[PDB]
**Q** 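The structure under discussion is supplied below as C-alpha cells; questions concerning it will follow.
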There are 2 protein chains.
Amino acid sequence: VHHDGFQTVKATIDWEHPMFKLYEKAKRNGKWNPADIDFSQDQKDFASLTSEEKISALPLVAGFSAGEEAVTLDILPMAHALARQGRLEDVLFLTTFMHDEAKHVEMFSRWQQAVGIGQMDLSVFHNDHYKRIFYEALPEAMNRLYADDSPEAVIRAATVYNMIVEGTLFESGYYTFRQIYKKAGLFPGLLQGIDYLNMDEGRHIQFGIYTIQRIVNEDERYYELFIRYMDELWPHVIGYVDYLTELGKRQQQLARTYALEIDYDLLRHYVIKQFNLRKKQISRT
Amino acid sequence: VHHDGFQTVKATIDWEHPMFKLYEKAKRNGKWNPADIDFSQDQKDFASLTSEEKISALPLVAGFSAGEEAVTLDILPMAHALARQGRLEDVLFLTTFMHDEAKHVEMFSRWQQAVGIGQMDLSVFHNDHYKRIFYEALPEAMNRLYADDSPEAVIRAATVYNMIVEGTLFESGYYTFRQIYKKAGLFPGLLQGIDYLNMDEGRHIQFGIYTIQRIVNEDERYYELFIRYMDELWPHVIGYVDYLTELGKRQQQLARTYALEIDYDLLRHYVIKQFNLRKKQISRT
Ligand SMILES: CCCCCCCC(=O)O
Ligand SMILES: CCCCCCCC(=O)O
Ligand SMILES: [Fe+3]
Ligand SMILES: [Fe+3]
Ligand SMILES: [Mn+2]
Ligand SMILES: [Mn+2]
Ligand SMILES: [Mn+3]
Ligand SMILES: [Mn+3]
C-alpha cells in the first residue's frame, strides 16, 4: 500500500528516540566479522577429541545453529509491523538486529565447516520441546504480525523472541558454553565468536524490553499477558534443559578428561534465574 | 508457518553462492558511519548562500531523502519472499542491503538537521511523476511479494527497485550532485556521504542483476517481461527529470555565482544512458 509521506522529508529522525540511540550503539559496537575469526586451533582441538568427547559438544551447537537461523528468518515480520506503524527509529535499529543475526548464523556455520562436521546433520539433538519453541511457537508468533499487529500480538512476539529465545535460552547456553570450554581451554575461536554474539544480544534484549514496556505503559493489563506468555513457554524451556542435562549426564567423558565438575544443578538454576530476571525487567506500572 | 528444518544444521552455508560472496564484500566495505561525517562546513556553506541559491539544492535532497526512506521500508518484502523460498545466502546479503539503506536515510537526515532545514517540509519538490514511482509503483511492486512470489513478481520488484530507482534515478542523481557541488566546492560532508552511498549502491544493483538474470536463465521469455517493465516506468523517470530540469532552468542563480555551465542536455543523456545500460546487464540467453 502507498506511502502518504516520509518523515525525513517532512521532519527529521527523532534523534532522542531510545531505539535511535540503540541503533547508534549497534553501529559503534557491531563491527566484528566472523570471517576474521581463526578457527585453526578449533579444528585441531576437535580432531584431538575422542568420539565420545566429540558428542559432548554437538548438542549445544545444534541448538545454537538452528536457533540463530530461525531468528534470522523470523525477525522480519517485526520489522514489517513496526515499519507499517511508522516507527522509523525502531526499523533503523532492527536493520542492525537482522544483520547481527546473519553474522551469528555465519559464525556457527563457519565453525561447523572448520572442525569437519558440516556434512553432519545435527537435527537429531532437537527434541520435541526444542521443536515446539523454534520450529513452531517462534515462527507462529512472529508471522502473526503480518496480519495482526495488535498490542497483544506484539507483546507475544517480543516475549517469545526476545525474552524467551534470546533472554533465557541463548543467555543460558552462552553461560553454559563458557562454563565448560573456557575452563577446558578448548575451542578458542568459537568462544571468541560467542563473546561477540553475547554483546550483540544485549541490544536485542533491550529492544524487547522497550517494546514490551511501551505497550504495558499504555495499559497495565498487558503486564498480565506478558507473565502469562512467559509461563506458557517455561515447560518447553525446561524440557529442553532437562533433555540436554540427560544427554550430558549420559556422556560424562569430557568432564572426566578435562577435570570439569559440570554442575547441572547450577546450570538449571541459571536458566530459572534468567527466566525470572526477564520478568523483573518489565514494570507493571 | 513452521520451519521444516535448518540449512546450517543439516549442512552449512553455500560458501560459493554469489550472494554469499556479495554479503562478504558488503561487510568488508560497509563500515562507514554517517555519525562520523563532519557537517560543520556544510552548515556554513548553506548559511552563506542567498535564498535563491538555497532553493537550487533542495529539490535533489528532497528526492534523495524520501527515496532512501522508501527503499528502507520497501526492501523488507523481498527479504521475506526469498527467506520463504529457502534462499539463505540471499537473505544474509539482504541484511546488509537493509542496513545500508538505514544509514542512507540517516545520512540525509543528519545533513538536513545540520544545515538548518530539518523543520522544513521538502515534499513540495515531489511532482506527480515522482509520487507515481516512490509513493505508489515501488511499494506496490514490493508488497505484492507477500502474496505472490512468482518469477514475474520477483522480476518486477527487482526491476522497479534495483534497476529503475537505484540503477537509473539514484545513479543519475549522484552524478548530478557531483557534477554541480563538487565543482562549486560546496557541501563537503554531503559529498563524502554520497560517495559512500554510491559504493553501497553498487552491491544493491548487483543483487538486482543476479535476481533478474537467474529468473531469465530459467526461461528467456522473462527477458521480455523485464524490458516491458523497464519501458513502463521510463515516462515517469523522464517526467521527474524534465520537472527538475525545469526547476533548475528557473533558478539559474547558483550556476552564475559558482561559474557552473550546468548542462541539462548532458544530464538528461546520462539518465538515458543509465536506463539503457541497465537493460544491457541482463542477457536474453
Ligand atoms: C543446561 C542449559 C542449557 C541451555 C542451552 C540453550 C542452547 C540454545 O539453544 O541456544
Ligand atoms: C537531472 C536528472 C536528475 C535525476 C535525479 C534523481 C534524484 C533522486 O530522486 O534520487
Ligand atoms: Fe539475538
Ligand atoms: Fe540502494
Ligand atoms: Mn517432555
Ligand atoms: Mn507530466
Ligand atoms: Mn543471535
Ligand atoms: Mn540507498
Side-chain angles (χ1 to χ4, degrees), chain A residues 3-31 75 78-100 149 151 154-155 158 162 199-219 222 281-283 285, chain B residues 32-40 42-43 46-47 61-62 64-66 68-73 98-123 189-190 193 196-197:
Chain A
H3 304 289
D4 286 340
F6 296 103
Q7 173 183 333
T8 60
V9 172
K10 291 140 114 198
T12 69
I13 288 163
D14 175 7
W15 309 110
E16 303 300 325
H17 198 285
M19 289 310 91
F20 184 72
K21 290 170 70 171
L22 197 62
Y23 164 78
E24 286 290 325
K25 291 168 173 78
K27 291 177 295 167
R28 298 293 184 191
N29 293 335
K31 300 295 180 219
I75 192 63
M78 178 67 70
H80 171 80
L82 302 183
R84 201 176 44 191
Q85 295 177 3
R87 304 188 52 90
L88 176 61
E89 298 75 22
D90 292 32
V91 174
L92 302 183
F93 166 71
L94 283 168
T95 73
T96 76
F97 188 142
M98 293 186 293
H99 184 57
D100 289 345
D149 68 335
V154 172
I155 282 188
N162 309 112
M199 270 187 67
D200 299 333
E201 292 299 343
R203 301 188 300 270
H204 307 180
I205 292 162
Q206 277 307 324
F207 162 84
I209 291 165
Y210 166 80
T211 294
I212 289 161
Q213 188 68 59
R214 76 171 164 81
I215 288 167
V216 171
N217 279 359
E218 282 184 293
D219 188 343
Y222 285 120
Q281 288 181 291
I282 302 299
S283 152
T285 72
Chain B
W32 73 286
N33 188 338
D36 295 333
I37 302 178
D38 185 337
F39 288 114
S40 58
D42 292 49
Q43 175 185 352
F46 197 83
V61 176
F64 277 124
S65 251
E68 304 302 346
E69 186 167 340
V71 304
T72 299
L73 306 177
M98 293 186 293
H99 184 57
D100 289 345
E101 301 304 349
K103 300 194 297 187
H104 302 174
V105 170
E106 179 194 354
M107 191 280 300
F108 283 114
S109 190
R110 284 184 179 274
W111 182 83
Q112 285 185 234
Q113 177 75 40
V115 301
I117 60 179
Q119 79 287 350
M120 177 184 300
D121 188 342
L122 307 187
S123 300
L190 183 54
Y196 288 132
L197 264 50

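Chain letters run A, B, ... following the sequence lines, proteins first and then strands; every chain starts at 1. Scope of the values below: all heavy atoms of this structure, side chains included, with no hydrogens, waters or symmetry mates.
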**Q** For B:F39 and B:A114, work out which heavy atoms get closest and say how close.
**A**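 Looking at all heavy atoms of both residues, the shortest contact is CB-CB, 3.6 Å.
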
**Q** Just one of A:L92, A:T211, A:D90 clears the side-chain contact (heavy atoms from CB on, under 4.5 Å) bar with A:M19, so which one?
**A** A:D90

**Q** Between B:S109 and A:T12, what is the shortest heavy-atom contact and its length?
**A**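 Minimum heavy-atom separation between B:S109 and A:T12: OG-CB, 3.2 Å.
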
**Q** Once you round to the nearest 0.5 Å, how far does CD of A:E89 lie from CD1 of A:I13?
**A** 7.0 Å

**Q** Are A:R214 and A:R87 side-chain neighbours, meaning at least one heavy-atom pair lies under 4.5 Å?
**A**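 Yes, side chains in contact.
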
**Q** Side chains of A:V216 and A:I155: does their closest heavy-atom pair fall under 4.5 Å?
**A**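 A:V216 reaches A:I155 side chain to side chain.
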
**Q** Report yes if the side chains of A:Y23 and A:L94 come closer than 4.5 Å at any heavy-atom pair, otherwise no.
**A**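 They are not in side-chain contact.
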
**Q** More than 12 heavy atoms of other residues, nucleotides or ligands under 6.0 Å from CD of A:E16: is that the case?
**A** no

**Q** Which residues pass the ring-ring contact (aromatic ring centres under 6.0 Å, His included) test with A:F6, not counting sequence neighbours?
**A** A:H3, B:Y135

**Q** Output the distance between atom CD1 (A:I75) and atom CE (A:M98), rounded to the nearest 0.5 Å.
**A**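 Spacing of CD1 (A:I75) from CE (A:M98) equals 7.5 Å.
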
**Q** Of all residues at least two apart in sequence or in a different chain, which pass the ring-ring contact (aromatic ring centres under 6.0 Å, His included) check with A:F207?
**A** A:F93

**Q** Over all heavy atoms of both residues, which pair between A:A79 and A:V91 is shortest? Give the atoms and the distance, please.
**A** O-CG2, 4.1 Å

**Q** Between A:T8 and B:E69, is the side chain to side chain donor-acceptor pair (under 3.5 Å) condition met? List the steps.
**A** CA-CA 7 Å; A:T8 60; B:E69 186 167 340; 2.5 Å; yes

**Q** Taking all non-hydrogen atoms of both residues, which atom of A:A158 and which atom of A:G208 are closest, and how far apart?
**A**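 Residues A:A158 and A:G208, closest heavy atoms: CB-O, 4.4 Å.
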
**Q** Hey, would you say the A:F97 and B:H99 ring centroids sit under 6.0 Å apart?
**A**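 Aromatic pair excluded; centres sit 6.0 Å or further apart.
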
**Q** Let's go through B:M107 and B:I37 carefully: what are the C-alpha distance in whole Å and the side-chain angles of both, what is the deciding distance for side-chain contact (heavy atoms from CB on, under 4.5 Å) to 0.1 Å, and is it a yes or a no?
**A** CA-CA 9 Å; B:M107 191 280 300; B:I37 302 178; 3.9 Å; yes

**Q** Counting only heavy atoms not in A:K31, do more than 12 fall under 6.0 Å of its NZ?
**A**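 Counting other residues, nucleotides and ligands, NZ of A:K31 exceeds 12 neighbours.
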
**Q** So, for A:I215 and A:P151, which heavy atoms are closest and what is the spacing to 0.1 Å?
**A** CG2-CB, 3.7 Å

**Q** Mind checking whether B:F46 and B:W111 have parallel, tilted or perpendicular rings, split at 30° and 60°?
**A** perpendicular

**Q** About how many Å separate CG of B:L190 and CZ of B:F64, when rounded to the nearest 0.5 Å?
**A** 8.5 Å

**Q** Return the set of residues passing ring-ring contact (aromatic ring centres under 6.0 Å, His included) with A:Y222 (not counting sequence neighbours), or none when no residue passes.
**A**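 Counting only residues at least two positions away or on another chain, A:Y222 forms no ring-ring contact (aromatic ring centres under 6.0 Å, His included).
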
**Q** Which atoms form the tightest heavy-atom contact between B:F108 and B:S65, and what is the distance?
**A** CB-OG, 3.2 Å

**Q** Among all residues two or more places apart in sequence or in another chain, which pass the side-chain hydrogen bond (donor to acceptor under 3.5 Å, both in side chains) test with A:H204?
**A** A:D100, A:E101, A:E166, A:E201

**Q** Going from CG on B:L73 to CG on A:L88, what distance comes out if it is rounded to the nearest 0.5 angstrom?
**A**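 Between B:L73 CG and A:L88 CG, I get 6.5 Å after rounding to 0.5 Å.
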
**Q** For the OG1 atom of A:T96 and the CG atom of A:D200, what is their distance to the nearest 0.5 Å?
**A**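 So the gap between those two atoms works out to 8.5 Å.
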
**Q** For B:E106, check salt bridge (charged side-chain N to carboxylate O under 4.0 Å, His left out) against everything at least two apart and list the hits.
**A** A:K27, B:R110

**Q** When you compare the side chain of A:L22 with that of A:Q206, does any pair of heavy atoms fall below 4.5 Å?
**A**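 They are in side-chain contact.
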
**Q** Rounded to the nearest 0.5 Å, how far apart are CG of A:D149 and NE2 of A:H80?
**A** 8.0 Å

**Q** Restricting to side-chain contact (heavy atoms from CB on, under 4.5 Å), what partner residues turn up for A:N217, sequence neighbours left out?
**A**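 A:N217: side-chain contact (heavy atoms from CB on, under 4.5 Å) contacts with A:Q213.
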
**Q** With side-chain contact (heavy atoms from CB on, under 4.5 Å) as the test, would you mind laying out the steps for A:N29 and A:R203 before giving the verdict?
**A** CA-CA 10 Å; A:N29 293 335; A:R203 301 188 300 270; 3.7 Å; yes

**Q** One thing to verify: whether B:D36 and A:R28 come together as a salt bridge, which I'm taking to mean a side-chain N less than 4.0 angstrom from a carboxylate O.
**A** yes

